[PDB]
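Novice: Sharing a structure here in structure tokens format.
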Amino acid sequence: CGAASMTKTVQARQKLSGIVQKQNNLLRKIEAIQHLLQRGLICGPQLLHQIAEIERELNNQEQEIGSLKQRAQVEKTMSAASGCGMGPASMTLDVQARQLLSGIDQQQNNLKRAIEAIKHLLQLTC
């Protein structure tokens, strides 16, 4: 029993940072589809395959993100069970890294709502 180390704290920060980056790339791919459909009619499997790959990566991110949240829950509970209490010493992610993760979680739902809206638009339009 003890507290998190610096090589783990940077691993996890860097993990959060990579998710932010993946979300931002997905957003740019969704914006590109949105702009395509503003440019005119593009019916067919071409854009459905890309929508499907985007949902794919979004669902992967849902897991990566739920894992981090639940891993924090494992650390908190194990620490209590070991006689070391809580605080952010027992936690690889501190109150600040946990706050980013709330915004990342929220952005994960925004992106899903958006790719669905886009899918349903193309579905109607076609």
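Just remember, in the structure tokens the first chain shown is A, the second B, etc., residues are 1-based per chain, and ligands are 1-based in the order shown.
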For residue 111 (chain A), work out the shell of residues within 10 Å, counting only C-alpha atoms and skipping chain neighbours fewer than 3 positions away, then give it as a CSV table (one decimal) with N, CA and C atoms, in the first residue's frame.

Specialist:
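Just written: selection_29.csv:
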chain,number,residue,atom,x,y,z
A,23,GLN,N,-10.3,12.1,-30.0
A,23,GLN,CA,-11.7,12.7,-30.2
A,23,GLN,C,-11.6,13.9,-31.1
A,24,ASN,N,-10.5,14.6,-31.1
A,24,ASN,CA,-10.5,15.8,-32.0
A,24,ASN,C,-10.3,15.4,-33.5
A,26,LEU,N,-11.5,12.5,-34.7
A,26,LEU,CA,-12.9,12.0,-35.1
A,26,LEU,C,-13.8,13.2,-35.4
A,27,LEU,N,-13.7,14.3,-34.6
A,27,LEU,CA,-14.6,15.4,-34.8
A,27,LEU,C,-14.3,16.0,-36.2
A,30,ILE,N,-16.0,13.8,-38.7
A,30,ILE,CA,-17.4,14.1,-38.8
A,30,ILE,C,-17.8,15.4,-39.4
A,54,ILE,N,-16.4,5.4,-38.0
A,54,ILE,CA,-16.4,6.4,-37.0
A,54,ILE,C,-17.1,5.9,-35.8
A,55,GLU,N,-18.3,5.3,-36.0
A,55,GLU,CA,-18.9,4.7,-34.8
A,55,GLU,C,-18.0,3.7,-34.1
A,58,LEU,N,-15.5,5.5,-32.1
A,58,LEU,CA,-16.2,6.0,-30.9
A,58,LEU,C,-16.5,5.0,-29.9
A,106,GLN,N,-18.0,13.8,-21.5
A,106,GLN,CA,-19.1,14.6,-22.1
A,106,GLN,C,-18.9,14.7,-23.6
A,107,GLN,N,-17.6,14.9,-24.0
A,107,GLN,CA,-17.4,15.1,-25.5
A,107,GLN,C,-17.6,13.8,-26.2
A,108,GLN,N,-17.4,12.7,-25.5
A,108,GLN,CA,-17.7,11.3,-26.1
A,108,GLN,C,-19.2,11.2,-26.4
A,114,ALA,N,-23.7,13.3,-32.5
A,114,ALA,CA,-23.5,14.0,-33.8
A,114,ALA,C,-23.4,13.0,-34.9
A,115,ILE,N,-22.7,11.9,-34.7
A,115,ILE,CA,-22.5,11.0,-35.8
A,115,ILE,C,-23.8,10.3,-36.1
A,116,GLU,N,-24.6,10.1,-35.1
A,116,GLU,CA,-26.0,9.6,-35.3
A,116,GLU,C,-26.8,10.6,-36.1
A,117,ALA,N,-26.8,11.8,-35.7
A,117,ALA,CA,-27.6,12.8,-36.5
A,117,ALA,C,-27.2,12.7,-37.9

Novice: Would you pick out the contacts of region 78-91 of chain A at 12 Å or less, using only C-alpha atoms, so that residues sharing its chain but fewer than 3 positions from it are not included, and give the list as a short mmCIF file (atom, residue, chain, number, x, y, z; two decimals) with C-alpha atoms, in the first residue's frame?

Specialist:
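Once written, around_33.cif looks like this:
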data_model
loop_
_atom_site.label_atom_id
_atom_site.label_comp_id
_atom_site.auth_asym_id
_atom_site.auth_seq_id
_atom_site.Cartn_x
_atom_site.Cartn_y
_atom_site.Cartn_z
CA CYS A 1 0.00 0.00 0.00
CA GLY A 2 1.19 3.60 -0.69
CA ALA A 3 0.54 6.20 -3.46
CA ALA A 4 0.95 6.66 -7.27
CA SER A 5 4.41 7.31 -8.87
CA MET A 6 5.59 9.83 -11.46
CA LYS A 8 2.48 6.16 -13.84
CA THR A 9 1.12 9.68 -13.39
CA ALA A 12 -2.04 8.21 -17.40
CA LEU A 68 -10.13 4.73 -16.81
CA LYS A 69 -13.11 5.71 -14.74
CA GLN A 70 -13.47 2.23 -13.31
CA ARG A 71 -9.74 1.83 -12.72
CA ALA A 72 -9.98 4.94 -10.56
CA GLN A 73 -12.74 3.17 -8.69
CA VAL A 74 -10.53 0.14 -8.22
CA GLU A 75 -7.70 2.24 -6.82
CA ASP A 94 -5.60 13.74 -9.41
CA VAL A 95 -8.65 16.03 -9.01
CA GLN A 96 -7.42 18.00 -12.09
CA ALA A 97 -6.82 14.92 -14.32
CA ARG A 98 -10.23 13.65 -13.16
#

Novice: Rounded to one decimal in Å, what is the spacing between CA of residue 56 (chain A) and CA of residue 13 (chain A)?

Specialist: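 Computing the Euclidean distance for CA of residue 56 (chain A) and CA of residue 13 (chain A) yields 23.9 Å.
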
Novice: Just to confirm, what's the straight-line distance from CA of residue 92 (chain A) to CA of residue 77 (chain A) in Å (one decimal)?

Specialist: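 One can read the CA of residue 92 (chain A) to CA of residue 77 (chain A) distance as 13.2 Å.
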
Novice: Might you pull out every residue within 12 Å of residue 46 (chain A), with only C-alpha atoms counted and same-chain residues fewer than 6 positions away left off, and present them as a list in words?

Specialist: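 The residues satisfying every condition are residues 33, 52, 53 and 122 of chain A.
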
Novice: Using Å and a single decimal, report how far CA of residue 110 (chain A) sits from CA of residue 42 (chain A).

Specialist: 24.2 Å

Novice: From the options A:41, A:34, A:10, A:16, which residue's atoms come nearest to residue 102 (chain A), counting only C-alpha atoms?

Specialist: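 For residue 102 (chain A), the nearest of the candidates is A:16.
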